[PDB]
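Quick heads-up: it's one chain on its own, the form deposited without the ligand, in structure tokens.
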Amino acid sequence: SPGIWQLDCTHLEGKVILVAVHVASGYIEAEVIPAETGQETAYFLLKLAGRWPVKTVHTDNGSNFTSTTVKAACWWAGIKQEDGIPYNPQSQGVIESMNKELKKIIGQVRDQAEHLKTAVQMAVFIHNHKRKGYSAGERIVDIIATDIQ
């Protein structure tokens, strides 16, 4: 549970926003890329796993699941690459809700940056600090610290 992340890909302004969600906390990391490729996805996971103890990744689609570059990054970083089949139906909904919330925040900050990537990082900030009470940033640290002890 402390080590499980889910990949999520959403679109805006003709660009792609790749998101990793820490399932147990709702904490996120995201980046803007021109298109979702195996190489972009691989690099994103390598970044993520150098930063948090990533044990398992539920990939966002079958192409990233199949991708030999994505499998190579997961091998490199010690990550168990799994499919993203929502055996729990509530998962599709949580992710769609998350994409809608993130797009809302992006629109609230959109005029504060020329580039979409800036707005996306502002939205990540607001999302992770939003007190729900604890924030997602607080919850991820507590979950992992509890795990280490």
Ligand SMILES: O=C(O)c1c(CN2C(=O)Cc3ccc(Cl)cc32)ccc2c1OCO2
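Quick note: we count residues from 1 along the sequence shown, nothing fancier.
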Can you count the deposited residues that have no coordinates between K132 and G133 and report it as none, 1 to 3, 4 to 9, or 10 or more? 4 to 9
If you average the CA temperature factors over each stretch, which comes out higher, 121 to 129 or 6 to 14? 6 to 14
Is the mean CA B factor in the deposited entry higher across 80 to 88 or across 45 to 53? 80 to 88
Based on what the PDB entry reports, which of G62, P34, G26, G38 has the top C-alpha B-factor? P34
Which one of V94, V70, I106, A30 shows the biggest C-alpha B-factor in the PDB entry? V94
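FYI, the form deposited with the ligand bound isn't displayed, but the following is about it.
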Contact with the ligand in the entry with it bound for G84, defined as at least one heavy atom pair within 4.5 Å: yes or no? no
Although the partner isn't part of this model, could you tell me whether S97 comes within 4.5 Å of the ligand in the entry with it bound, counting any heavy atom of the residue? yes
Taking the ligand as it sits in the entry with it bound, which residues of 114 to 140 have a non-hydrogen atom within 4.5 Å of it? Please list them. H127
